[PDB]
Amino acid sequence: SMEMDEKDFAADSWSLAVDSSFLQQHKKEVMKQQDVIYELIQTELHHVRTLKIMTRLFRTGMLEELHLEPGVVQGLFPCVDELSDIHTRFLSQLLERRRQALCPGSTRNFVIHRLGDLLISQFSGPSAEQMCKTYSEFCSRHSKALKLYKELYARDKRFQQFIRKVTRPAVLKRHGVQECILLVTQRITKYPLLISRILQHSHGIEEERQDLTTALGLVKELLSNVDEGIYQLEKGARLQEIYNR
């Protein structure tokens, strides 16, 4: 992540991120709604950061330092460039909505009143089709990636030294290779939980309650489709084991 966004999302909540004199001007229901929107953007910033650790620290570090056989790095980090493009674009739209809502003279005081439309756009059309195709591929390659990782760590000395080196810093404590893969697979199922809680505090404007209800439906459609499109790939699987599923 970049320092500017990290500082904007350093606080535990929206109520602690804005100035107390700005917080005091709002009703409790507005504060409850903004606290959950803040959590959605903060966890999205962290998810994009997880993808950057996978692409820049691990994937590119292995290509530049190690002599792994072709197709091994892609097997460890399936779809990471596509996932990074989807989420970095989504994060850009969330952060621009926050930035446009800032009061003049402030870099921290804002209220996002219109999130629903942004979520409908993200979870419909070509961007939603791409999310469905990419997670169906990623989640079907998840187990193979973990097994390839464990095999390489147990048998290759230079690979083990590389992993131990780049994961040593305390800031990487939660972000080993296997941890990043599961954080990405779990991201998509966090969206309905966050959207439902935002919706719970968005009844004041009927247009907004309706837009968030539509967005929640679209996210559930994405999850149902991804869940139906998953079949675990296994290295060395035989055709007979596949057609006898």
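Numbers follow the displayed sequence, beginning with 1. In this text, rigid core is short for the largest set of C-alphas that superpose within 1.5 Å between two forms.
Comparing the two stretches 47-55 and 64-72 by root mean square C-alpha distance in 9 other deposited structures of this protein, with all structures fitted on the core, the more displaced one is 64-72. The PDB entry reports B-factors from which the mean C-alpha value can be compared for 42-50 and 57-65; the larger average falls on 57-65. Higher mean CA temperature factor between 67-75 and 168-176: 67-75, per the PDB entry. When all modelled residues of the chain are sorted by CA temperature factor, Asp81 is found within the middle third. Ranked against the other modelled residues of its chain, the C-alpha B-factor of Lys190 as given in the entry falls in the lowest third. Sort the chain's modelled residues by C-alpha temperature factor and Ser13 lands in the lowest third, per the entry. Split the chain's modelled residues into thirds by C-alpha temperature factor. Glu137 is in the lowest one. Compared with the other modelled residues of the chain, the Cα B-factor recorded for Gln161 ranks in the middle third.
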